[PDB]
């Protein structure tokens, strides 16, 4: 019975609950079980760190996407890579400092429009 608990303990962790379990609302009780269901012990006691070191990357990706940068850059090239990378930096910077993605994305759209009309 122990194992089920040892991990049930990590999901109940605060760092997890606030940084992963709850956050991933982008689709809570259940999710927890799903995680419980999918990931094994060793995995659990190893994810958070790896998680924090990829939170930036995952957000830039989301930004690139949400900011229609696949078209504006990769395809149409209406925006310089430099401009794009920069913009992704700044906004990611924000979100990583507590800024609500939702709200941050709005600011990124703003700065984007700026660039486009330049």
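Positions refer to the first chain, counted from 1.
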In terms of residues present in the deposited sequence but not modelled, what lies between residue 27 and residue 28: none, 1 to 3, 4 to 9, or 10 or more? 4 to 9
Check the entry's C-alpha temperature factors for 15-23 and 101-109, then say which stretch has the higher mean. 15-23
Higher-scoring stretch by recorded Cα B factor average, 89-97 or 28-36: 28-36
Tell me, please, which of 65, 53, 42, 80 has the highest C-alpha B factor according to the deposited entry? 42
